[PDB]
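Geometric and topological summary
One letter stands for each residue in the lines below.
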Amino acid sequence: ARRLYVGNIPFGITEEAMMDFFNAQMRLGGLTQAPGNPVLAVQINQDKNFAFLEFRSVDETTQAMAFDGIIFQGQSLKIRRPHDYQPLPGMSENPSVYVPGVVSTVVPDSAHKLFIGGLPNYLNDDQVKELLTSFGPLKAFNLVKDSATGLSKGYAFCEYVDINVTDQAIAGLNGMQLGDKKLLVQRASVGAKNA
RNA sequence: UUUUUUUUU
């Protein structure tokens, strides 16, 4: 895929200012495979609050994914792959089925994103992040705000650099009393319990 | 407001 989905983009951001930023991130990081800018175009859906990046190569696109969660103009960008990948109802389940095509040779130690809820609606990114930082530096953090309203929805996602600290972060934060709400913290995917 | 608005402008 020579395309990437980038949501939670800054308001009023221009397509060109989205391009110049990514191309300048690809160069600073040295993630380019050949001379020239990787990002050829960017399309922004202002109302929907998202944009799509268009790369010249497939590998470069797969390299820009490392910028998921990067801070740009106070907004933590959400980078994902397009959804042109459909279930494809062609019938005769053989190249699909379920397992065939994605058996997974062996998933590496990854995915330790944490879900945080019960957060007061008045706290902002720099306040919430602080409460989380008290256990160690974060590698990715995003506070969900209403599309129109713009205020906190009451829950945010975060991931530390040192995953082990992830477990320590849940045991000390989960249940914490914030205002008139009870904080909730659990692995955003699997791991809401501890054996 | 306890799981984060994906398209060929």
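The rules we used
- Residues numbered from 1 in each chain as written, not as in the entry; some residues may be left out.
- Chains lettered and ligands numbered in written order.
- Heavy atoms only, no water.
- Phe/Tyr/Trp six-rings, centres within 6.5 Å; stacked < 30°, edge-to-face > 60°.
- Helix = DSSP H or I, 4+ residues; strand = E, 2+ residues; numbered from the N terminus.
- Buried < 20%, exposed > 50% of the residue type's maximum accessible area, 1.4 Å probe, protein only.
- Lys NZ or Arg CZ within 6 Å of the ring centre and 35° of its normal.

Per the deposition metadata, solution NMR was the technique used to determine this entry.

Attention now goes to the packing of aromatic side chains. Using the criterion set out here, one finds eight aromatic pairs in the structure. Ring centres 5.5 Å apart and planes at 35° place the aromatic pair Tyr5 and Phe50 in the tilted group. A residue pair is termed long-range when its members are at least 10 positions apart, and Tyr5 in strand β1 (residues 3-7) and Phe50 in strand β3 (residues 50-55) qualify at 45 residues. In this structure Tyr5 comes out as partly exposed when scored by relative accessible area, which is 27%. Consider the rings of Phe21 and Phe22, whose centres lie 5.7 Å apart with planes at 80°: the pair is edge-to-face. The buried category is assigned to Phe21, whose relative accessible area is 16%. Residue class for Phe22 comes out buried when judged on its relative accessible area of 1%. When the ring centre of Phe157 is taken as reference, the NZ or CZ atom of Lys113 above it lies at 5.2 Å.

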